[PDB]
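In order, the protein sequence lines correspond to chains C and A. So the number in PDB author numbering is just where the residue sits in the first sequence, counting from 1, plus 625. Read in order, the letters of the second sequence are residues 123 to 159, 219 to 419 in PDB author numbering. A virtual CB, placed ideally from N, CA and C, is assigned to each residue, including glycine. Some notes on the structure that comes next.
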Amino acid sequence: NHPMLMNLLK
Amino acid sequence: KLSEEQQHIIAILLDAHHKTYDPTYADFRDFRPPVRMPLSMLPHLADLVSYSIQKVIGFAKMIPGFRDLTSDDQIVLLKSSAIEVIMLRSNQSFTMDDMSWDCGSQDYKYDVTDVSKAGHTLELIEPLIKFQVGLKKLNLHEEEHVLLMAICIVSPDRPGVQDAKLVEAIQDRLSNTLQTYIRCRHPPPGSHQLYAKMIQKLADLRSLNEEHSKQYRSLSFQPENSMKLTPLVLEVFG
Ligand SMILES: CCC(O)(CC)CS[C@@H](C)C1=CC[C@H]2/C(=C/C=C3C[C@@H](O)C(OCCO)[C@H](O)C3)CCC[C@]12C
């Protein structure tokens, strides 16, 4: 459940 | 003797670092203003850290092999290492001239009292300064600096790690790259036990991470303070 961190890792 | 691959890795990490660390600190102007008058430095440092988390993530994505990890593992390694890598990368702005992080201007030059005004106690600050001093003392080549940050991020013992076996292989490759670099590129006496001393710094970071987490929870405990942070900081630091 880490929206922002995941988005930045894409 | 440092293969073609190991030299490639170092080249990737140096460029990765150059693309995520702006020594002019020009972006600091976007942060909420620093207030040096309780917790007057929290808004400014919170933004600094949030910005820094974004940079550490960009660096990490470029670490050879990091992309082969699962999304969940990538997330786990960044959450647990973020504060550590920020503390590590900050050594570049830290100056022993007065034991402070000098970021271009007086406004953006932070010392023990500023960290104190962010909600932290000496129990973290002192060993943090101690850390900066010991790391600075190593006089690392930039090649060693970026390799150490990458090794920090790709640690298999991080809580929550899944494919621990995969994380290890990635890190070992970076370790062997560092060990060999020191041997073939770092002349004595500076190279004396350099690898071992660098690994000891990662141990120091684990300790710093642990204490930072405790004080972060005390701070983020009260909504009034947790309110002054950023959404990225709240997501990453729990
Ligand atoms: C605000 C409360 C809070 O705990 C965080 C929730 C943090 S305070 C404290 C523990 C701490 C962690 C590392 C410390 C610091 C690091 C500073 C730098 C400056 C520059 O090198 C940046 O490089 C810029 C080029 O990319 C780094 O990235 C970041 C000094 C002041 C206190 C900081 C911000």
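Quick one: using the 10 Å Cβ neighbour count with 16 as the cut-off for buried, is A/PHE402 buried or exposed? exposed
A/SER281 - containing beta strand (DSSP E), residue span: 281-283
Going along chain C, which residues have a C-beta under 8 Å from A/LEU259? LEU630, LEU634
Just the chain C side, please: which residues come within less than 9 Å of A/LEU413 by C-beta, in chain order? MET629, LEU630, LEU633
So is A/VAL266 in contact with chain C if we call contact Cβ pairs under 8 Å? no
Are the stretch 131-142 of chain A and the stretch 327-338 of chain A in contact at 8 Å, needing three or more beta carbon pairs? yes
Chain C within 8 Å of A/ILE306, Cβ atoms only: no
Going by the CB atoms, is the gap between A/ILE134 and C/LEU633 shorter than 8 Å? no
Cross-chain neighbours of A/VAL417 in chain C, by beta carbon under 7 Å: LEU630
Is the CB of A/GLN381 under 8 Å away from at least one CB in chain C? no
Looking only at C-alpha atoms, which of A/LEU375, A/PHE150, A/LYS395 sits nearest to A/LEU303? A/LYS395
What did DSSP end up calling A/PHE153 once you bin it into helix, strand or coil? coil
Check: A/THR142 C-beta below 7 Å from any heavy atom of ligand 1: yes
Tell me the residue span of the alpha helix (DSSP H) that contains A/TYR397. 375-400
Would you check if the stretch 404-419 of chain A and the stretch 229-236 of chain A touch, i.e. whether three or more CB-CB distances between them fall below 8 Å? yes
Considering A/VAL293, what are the terminal residues of the alpha helix (DSSP H) in which it resides? 293-297
To the nearest angstrom, how far is it from the Cα of A/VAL157 to the Cα of A/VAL335? 36 Å
Given this structure, state the Cα-to-Cα distance separating C/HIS627 from A/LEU259, to the nearest angstrom. 11 Å
Below 8 Å, how does it come out for the stretch 271-291 of chain A and the stretch 359-375 of chain A: are there three or more Cβ pairs, yes or no? no
Kindly examine ligand 1 and report whether one of its heavy atoms sits closer than 7 Å to the Cβ of A/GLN287. no
With a Cβ-Cβ cutoff of 8 Å, do A/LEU319 and A/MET379 count as a contact? yes
Can you tell which of A/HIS326, A/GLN381, A/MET408 has the C-alpha that lies nearest to the C-alpha of A/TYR143? A/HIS326
Whole beta strand (DSSP E) runs in the stretch 283-349 of chain A with 3 or more residues, listed along the chain? none
Going by the beta-carbon positions, is the gap between A/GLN343 and A/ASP249 smaller than 8 Å? no
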